[PDB]
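Engineer:
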Amino acid sequence: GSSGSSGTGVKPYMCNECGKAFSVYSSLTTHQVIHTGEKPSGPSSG
Ligand SMILES: [Zn+2]
Numbered sequence: 001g002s003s004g005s006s007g008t009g010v011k012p013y014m015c016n017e018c019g020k021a022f023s024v025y026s027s028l029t030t031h032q033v034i035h036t037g038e039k040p041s042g043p044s045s046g
């Protein structure tokens with residue numbers, strides 16, 4: 001999937017917490033979860 005020519009590429013759904021792009025809207029939201037962390041944790045990237 002996402003087979004094109006321009007390697008660089010580009011996607012509308014991009015995360016700001018870490019900086020990861022996606023080709024799906026839902027995927028972007030389901031991903032940001034890794035930053036939401038509703039429960040209290042220790043080791044966190046950002
Ligand atoms: Zn992210």
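For the sequence shown, the residue numbers in the authors' numbering are 1 to 46.
Beta carbons are placed, not taken as given, at the ideal position from N, Cα and C, and that holds for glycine.
1. Going by the DSSP bridge assignment, what does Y25 pair with across the sheet?
2. By alpha-carbon positions, which one of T30, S41 and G37 ends up nearest to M14?
3. Just how far apart, CA to CA, sit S5 and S23?
4. Give a yes or no on whether the C-beta atoms belonging to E17 and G37 are separated by under 8 Å.
Structural biologist: In short:
1. None, per the DSSP bridge assignment.
2. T30
3. 16 Å
4. no
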